[PDB]
Amino acid sequence: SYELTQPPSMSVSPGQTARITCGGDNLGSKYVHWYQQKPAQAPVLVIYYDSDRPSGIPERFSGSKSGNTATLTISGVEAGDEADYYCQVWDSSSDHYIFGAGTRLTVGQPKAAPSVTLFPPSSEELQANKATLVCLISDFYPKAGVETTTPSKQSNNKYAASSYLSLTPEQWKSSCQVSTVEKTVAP
Amino acid sequence: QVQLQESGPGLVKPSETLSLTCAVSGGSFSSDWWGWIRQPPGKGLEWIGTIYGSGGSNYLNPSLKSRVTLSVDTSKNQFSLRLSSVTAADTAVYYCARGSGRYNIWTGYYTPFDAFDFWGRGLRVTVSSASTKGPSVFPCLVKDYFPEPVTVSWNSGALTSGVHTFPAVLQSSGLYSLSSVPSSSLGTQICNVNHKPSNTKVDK
Amino acid sequence: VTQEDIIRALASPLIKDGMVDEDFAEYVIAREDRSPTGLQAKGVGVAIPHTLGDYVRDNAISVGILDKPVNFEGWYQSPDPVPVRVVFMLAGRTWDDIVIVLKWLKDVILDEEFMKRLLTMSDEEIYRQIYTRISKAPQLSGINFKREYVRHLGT
């Protein structure tokens, strides 16, 4: 029945500091540990025991504690510092370890130009009486039988998604609908 | 440099038992506390429980106390998780972590692990009655597979640049599919794909 | 003379009475290298090796008094080893088991007279001193302490 309150998300343009906070009862009498998780990754402990910092964590990451509240401090804000930030506590009563709700980041920041690639079916797929067009958006920061993925972030601090178009081989024997670039498909 | 690698089925039928295992290579497995934490899709982190490396002492989540047991094999530097009577709510990613602890006599603080300093990779577990299907591989193109995830290594691992693997798409059939990404190499200088749930490897 | 020698020596009386397995030394050693237990005291360093596992058969305390101070690294992070001359090996089944004796021992270390008598008395005089102290504490019932768990090890 113990919970850790932290703001759902926070924005910060590059070059500033950060002050992600975490609140809870008697958080002064409790140790608070900060974790940082990026997309497709396991968390990384960045601050442990209120103020102390793990080996290999840049000193721009720091933590502090104020009454029944604690606060991370990410100086030298960069673009890679985007992640969700958690706080944890032990809490003697109700012997469980509570993780904070999470404070999303990634700031705005410089805009980029989308990139598109499209592929045709394969020889074995058509021989197997199936056909699928693979339209690939290799970067994009910020007509039926079609599947499209959600905007998924990439390791280059940009975004990706891949739309697919499934049709029959006979339909093929009888072009990506994304500025707005496009390709064309020919047997 | 404690390295933890998880292992398990990744698909389990509802009302069945999830069995997972963690292999430590860090070295000091007898003396550390090792635990499990899970993160359901799109949600936060839940601690399941933790067990002493040499055996003898468990700490569990009060609300999962009844569904979870824990074990160690010190000789093999492994510890395991058993989750019982599994529901679509247990569909999550499951990590193994080493514990962080700061014991101060003179003070009386002796909580055995306070923070999770080294984490593992994360194994995806899907609670579903659907069965496991091996992907169909095409020139790379991988379609009609379940559950997640699959492996993308190009040139048997040699090509580690210029390759961006694309997140997968859930076909309306309840199936998953995805794909992964010179002007003179042409003839001079194969995609390798493993689906562990189906135990199928295609190095083609 | 290294820490291992003192650990491997204070664990011998325990592996004889069959209160710990024959690899118990390897495990305290391995735990001392991960969480050192060396402490500064009045004129002497104290250490408290312990192992906590499924290989402990019963809880026991093995007290060793050394003759020339041995360096145990520091319980609290400091740049300097603690020249230890008094060693309390602990063997215990669970972490609650060890944390009870652990607290008990803190008051022992805060009892300068109790601590000085240890440095200047015979192995039987020591046994009766602690055995009495263990008797006065009902939290410590079930702990094993015998006359053979006291040893004046020498460098």
# chains A, B, ... in the order shown; residues from 1 in each chain; ligands from 1

$ select_by_dssp --residues "stretch 79-131 of chain C" --states "strand (DSSP E)" --output "PDB file with N, CA and C atoms, in the first residue's frame"
ATOM      1  N   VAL C  82      42.422  -2.293   8.454  1.00  0.00           N
ATOM      2  CA  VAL C  82      42.320  -2.235   9.910  1.00  0.00           C
ATOM      3  C   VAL C  82      43.219  -3.324  10.487  1.00  0.00           C
ATOM      4  N   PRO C  83      44.255  -2.972  11.285  1.00  0.00           N
ATOM      5  CA  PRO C  83      45.092  -3.999  11.928  1.00  0.00           C
ATOM      6  C   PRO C  83      44.337  -4.714  13.019  1.00  0.00           C
ATOM      7  N   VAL C  84      43.880  -5.882  12.662  1.00  0.00           N
ATOM      8  CA  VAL C  84      42.943  -6.608  13.478  1.00  0.00           C
ATOM      9  C   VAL C  84      43.732  -7.543  14.370  1.00  0.00           C
ATOM     10  N   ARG C  85      43.362  -7.581  15.644  1.00  0.00           N
ATOM     11  CA  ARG C  85      43.875  -8.584  16.548  1.00  0.00           C
ATOM     12  C   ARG C  85      42.782  -9.427  17.190  1.00  0.00           C
ATOM     13  N   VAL C  86      41.501  -9.055  17.071  1.00  0.00           N
ATOM     14  CA  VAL C  86      40.389  -9.827  17.637  1.00  0.00           C
ATOM     15  C   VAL C  86      39.427 -10.212  16.519  1.00  0.00           C
ATOM     16  N   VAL C  87      39.169 -11.513  16.359  1.00  0.00           N
ATOM     17  CA  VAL C  87      38.314 -12.027  15.284  1.00  0.00           C
ATOM     18  C   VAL C  87      37.182 -12.897  15.844  1.00  0.00           C
ATOM     19  N   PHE C  88      35.946 -12.594  15.396  1.00  0.00           N
ATOM     20  CA  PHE C  88      34.718 -13.295  15.756  1.00  0.00           C
ATOM     21  C   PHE C  88      34.163 -13.906  14.467  1.00  0.00           C
ATOM     22  N   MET C  89      34.534 -15.139  14.145  1.00  0.00           N
ATOM     23  CA  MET C  89      33.919 -15.808  13.004  1.00  0.00           C
ATOM     24  C   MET C  89      32.478 -16.173  13.345  1.00  0.00           C
ATOM     25  N   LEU C  90      31.556 -15.826  12.455  1.00  0.00           N
ATOM     26  CA  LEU C  90      30.148 -16.187  12.567  1.00  0.00           C
ATOM     27  C   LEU C  90      29.772 -17.179  11.481  1.00  0.00           C
ATOM     28  N   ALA C  91      28.972 -18.178  11.854  1.00  0.00           N
ATOM     29  CA  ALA C  91      28.320 -19.057  10.881  1.00  0.00           C
ATOM     30  C   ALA C  91      26.835 -19.103  11.219  1.00  0.00           C
TER      31      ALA C  91
END

$ interface_residues --of "chain B" --to "chain C" --cutoff "8 Å" --atoms "only C-alpha atoms" --output "list in words"
residues 28, 30, 31, 52, 54, 55, 56, 57, 104, 105, 106, 108, 110 and 112 of chain B

$ write_last_selection --atoms "N, CA, C and O atoms" --output "compact mmCIF listing (two decimals), in the first residue's frame"
# COMPACT_ATOMS: atom_id res chain seq x y z
N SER B 28 31.33 -13.29 -8.21
CA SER B 28 30.99 -13.37 -6.80
C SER B 28 29.51 -13.68 -6.65
O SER B 28 28.69 -12.87 -6.22
N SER B 30 28.39 -16.29 -4.72
CA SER B 30 28.01 -16.78 -3.39
C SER B 30 27.63 -15.66 -2.45
O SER B 30 26.94 -15.90 -1.45
N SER B 31 28.11 -14.45 -2.70
CA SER B 31 28.16 -13.45 -1.65
C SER B 31 27.18 -12.34 -1.91
O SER B 31 26.91 -11.53 -1.03
N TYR B 52 19.43 -15.15 -1.51
CA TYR B 52 20.85 -15.04 -1.25
C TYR B 52 21.61 -16.03 -2.11
O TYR B 52 21.14 -17.14 -2.38
N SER B 54 24.29 -17.89 -1.71
CA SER B 54 24.69 -19.17 -1.14
C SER B 54 23.50 -20.03 -0.74
O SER B 54 23.70 -21.11 -0.15
N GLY B 55 22.28 -19.58 -1.03
CA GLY B 55 21.10 -20.21 -0.49
C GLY B 55 20.83 -19.81 0.96
O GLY B 55 21.72 -19.41 1.71
N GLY B 56 19.55 -19.91 1.35
CA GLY B 56 19.13 -19.84 2.73
C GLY B 56 18.15 -18.74 3.04
O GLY B 56 17.32 -18.92 3.94
N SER B 57 18.21 -17.62 2.33
CA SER B 57 17.43 -16.43 2.65
C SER B 57 16.79 -15.93 1.36
O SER B 57 17.47 -15.76 0.34
N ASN B 104 25.53 -0.89 8.03
CA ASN B 104 26.22 -0.08 9.03
C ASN B 104 25.83 -0.66 10.38
O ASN B 104 24.68 -0.55 10.81
N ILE B 105 26.77 -1.32 11.01
CA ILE B 105 26.72 -1.55 12.44
C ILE B 105 26.76 -0.14 13.04
O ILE B 105 26.81 0.86 12.29
N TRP B 106 26.69 0.00 14.38
CA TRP B 106 26.63 1.29 15.11
C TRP B 106 25.34 2.06 14.83
O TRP B 106 25.00 3.02 15.54
N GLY B 108 22.59 0.13 13.02
CA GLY B 108 21.57 -0.90 12.98
C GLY B 108 20.90 -1.08 11.64
O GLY B 108 19.87 -1.75 11.59
N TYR B 110 20.57 -3.03 8.45
CA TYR B 110 21.11 -4.26 7.89
C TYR B 110 20.22 -4.81 6.76
O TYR B 110 20.21 -6.01 6.49
N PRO B 112 19.37 -6.31 3.44
CA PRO B 112 20.44 -7.05 2.72
C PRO B 112 20.76 -6.57 1.32
O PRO B 112 21.88 -6.79 0.83

$ atom_distance --atom1 "atom CA of residue A:149" --atom2 "atom CA of residue A:8"
24.8 Å

$ interface_residues --of "chain A" --to "chain B" --cutoff "8 Å" --atoms "only C-alpha atoms" --output "PyMOL selection string"
chain A and resi 31+33+41-45+48+88-90+94-102+122+124-125+134+136+138+147-149+152+160-162

$ residues_around --residues "residue B:129" --least-positions-apart "5" --cutoff "10 Å" --atoms "only C-alpha atoms" --output "ChimeraX atom specification"
/B:11-15,88

$ write_last_selection --atoms "C-alpha atoms" --output "compact mmCIF listing (two decimals), in the first residue's frame"
# COMPACT_ATOMS: atom_id res chain seq x y z
CA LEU B 11 5.48 -18.51 -24.10
CA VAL B 12 3.52 -20.18 -21.34
CA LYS B 13 -0.07 -21.35 -21.45
CA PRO B 14 -2.49 -19.58 -19.06
CA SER B 15 -2.95 -21.19 -15.64
CA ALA B 88 -2.25 -12.74 -18.96

$ atom_distance --atom1 "atom CA of residue B:194" --atom2 "atom CA of residue A:166"
23.8 Å

$ select_by_dssp --residues "chain C" --states "helix (DSSP H, G or I)" --output "VMD selection string"
chain C and resid 3 to 10 12 to 17 24 to 32 95 to 109 112 to 119 123 to 135 138 to 140 147 to 149

$ residues_around --residues "residue B:2" --least-positions-apart "4" --cutoff "8 Å" --atoms "only C-alpha atoms" --output "list in words"
residues 24, 25, 26, 27 and 118 of chain B

$ atom_distance --atom1 "atom CA of residue A:145" --atom2 "atom CA of residue A:187"
19.4 Å

$ residues_around --residues "stretch 61-70 of chain A" --least-positions-apart "2" --cutoff "8 Å" --atoms "only C-alpha atoms" --output "ChimeraX atom specification"
/A:21-29,32,46-47,50-53,57-59,72-75

$ write_last_selection --atoms "N, CA and C atoms" --output "short mmCIF file (atom, residue, chain, number, x, y, z; two decimals), in the first residue's frame"
data_model
loop_
_atom_site.label_atom_id
_atom_site.label_comp_id
_atom_site.auth_asym_id
_atom_site.auth_seq_id
_atom_site.Cartn_x
_atom_site.Cartn_y
_atom_site.Cartn_z
N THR A 21 12.09 14.73 -9.66
CA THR A 21 11.77 14.54 -8.25
C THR A 21 10.96 13.27 -8.01
N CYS A 22 10.89 12.89 -6.73
CA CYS A 22 10.24 11.68 -6.25
C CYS A 22 9.77 11.94 -4.83
N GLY A 23 8.52 11.61 -4.54
CA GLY A 23 7.94 11.89 -3.25
C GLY A 23 7.35 10.65 -2.61
N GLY A 24 7.37 10.63 -1.28
CA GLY A 24 6.86 9.50 -0.52
C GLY A 24 7.04 9.75 0.96
N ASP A 25 6.28 9.00 1.75
CA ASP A 25 6.25 9.20 3.19
C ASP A 25 7.60 8.87 3.81
N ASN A 26 8.11 9.80 4.62
CA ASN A 26 9.36 9.58 5.33
C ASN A 26 10.49 9.27 4.36
N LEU A 27 10.40 9.83 3.15
CA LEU A 27 11.46 9.61 2.18
C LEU A 27 12.79 10.18 2.67
N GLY A 28 12.76 11.08 3.65
CA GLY A 28 13.99 11.46 4.31
C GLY A 28 14.62 10.34 5.11
N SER A 29 13.79 9.53 5.79
CA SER A 29 14.27 8.39 6.57
C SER A 29 14.43 7.13 5.71
N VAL A 32 16.85 6.54 -1.36
CA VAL A 32 16.23 6.63 -2.66
C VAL A 32 17.28 6.32 -3.71
N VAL A 46 21.67 5.01 -11.71
CA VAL A 46 22.49 6.19 -11.88
C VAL A 46 22.81 6.88 -10.56
N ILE A 47 21.98 6.71 -9.55
CA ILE A 47 22.23 7.31 -8.25
C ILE A 47 21.68 6.34 -7.22
N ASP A 50 20.54 7.98 -2.01
CA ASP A 50 20.29 9.42 -2.05
C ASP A 50 21.28 10.13 -2.97
N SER A 51 22.51 10.26 -2.51
CA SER A 51 23.46 11.16 -3.16
C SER A 51 24.59 10.44 -3.89
N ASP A 52 24.99 9.26 -3.42
CA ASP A 52 26.12 8.55 -4.00
C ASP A 52 25.81 8.08 -5.43
N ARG A 53 26.87 7.92 -6.24
CA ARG A 53 26.77 7.68 -7.69
C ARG A 53 27.57 6.45 -8.11
N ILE A 57 29.11 6.26 -13.95
CA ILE A 57 28.03 7.21 -14.17
C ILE A 57 28.66 8.60 -14.18
N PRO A 58 28.44 9.38 -15.24
CA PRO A 58 29.01 10.73 -15.29
C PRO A 58 28.55 11.57 -14.11
N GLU A 59 29.46 12.41 -13.62
CA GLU A 59 29.14 13.31 -12.52
C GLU A 59 28.04 14.30 -12.87
N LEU A 72 16.60 13.87 -8.30
CA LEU A 72 17.76 13.66 -9.15
C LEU A 72 18.18 15.00 -9.75
N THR A 73 19.40 15.06 -10.23
CA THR A 73 19.91 16.31 -10.80
C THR A 73 20.82 15.94 -11.96
N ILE A 74 20.34 16.13 -13.18
CA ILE A 74 21.10 15.77 -14.36
C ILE A 74 21.65 17.04 -14.99
N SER A 75 22.83 17.44 -14.55
CA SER A 75 23.47 18.57 -15.18
C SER A 75 24.03 18.19 -16.55
#

$ closest_residue --among "A:30, A:111, A:38, A:104" --to "residue A:153" --atoms "only C-alpha atoms"
A:38

$ residues_around --residues "residue B:144" --least-positions-apart "3" --cutoff "8 Å" --atoms "only C-alpha atoms" --output "NGL selection string"
:B and (133-136 or 175-177)

$ write_last_selection --atoms "N, CA and C atoms" --output "compact mmCIF listing (two decimals), in the first residue's frame"
# COMPACT_ATOMS: atom_id res chain seq x y z
N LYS B 133 5.02 -20.80 -33.49
CA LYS B 133 5.22 -21.03 -34.92
C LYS B 133 6.60 -20.54 -35.33
N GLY B 134 7.32 -21.38 -36.07
CA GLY B 134 8.59 -20.99 -36.66
C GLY B 134 8.39 -20.02 -37.80
N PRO B 135 9.20 -18.96 -37.82
CA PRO B 135 9.12 -17.98 -38.91
C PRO B 135 9.42 -18.60 -40.26
N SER B 136 8.87 -17.98 -41.31
CA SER B 136 9.23 -18.26 -42.71
C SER B 136 10.19 -17.17 -43.18
N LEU B 175 -0.11 -12.91 -35.41
CA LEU B 175 1.26 -13.29 -35.75
C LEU B 175 2.12 -12.04 -35.95
N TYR B 176 3.43 -12.23 -35.78
CA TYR B 176 4.44 -11.18 -35.84
C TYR B 176 5.29 -11.31 -37.11
N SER B 177 5.73 -10.16 -37.63
CA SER B 177 6.61 -10.09 -38.80
C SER B 177 7.43 -8.81 -38.72
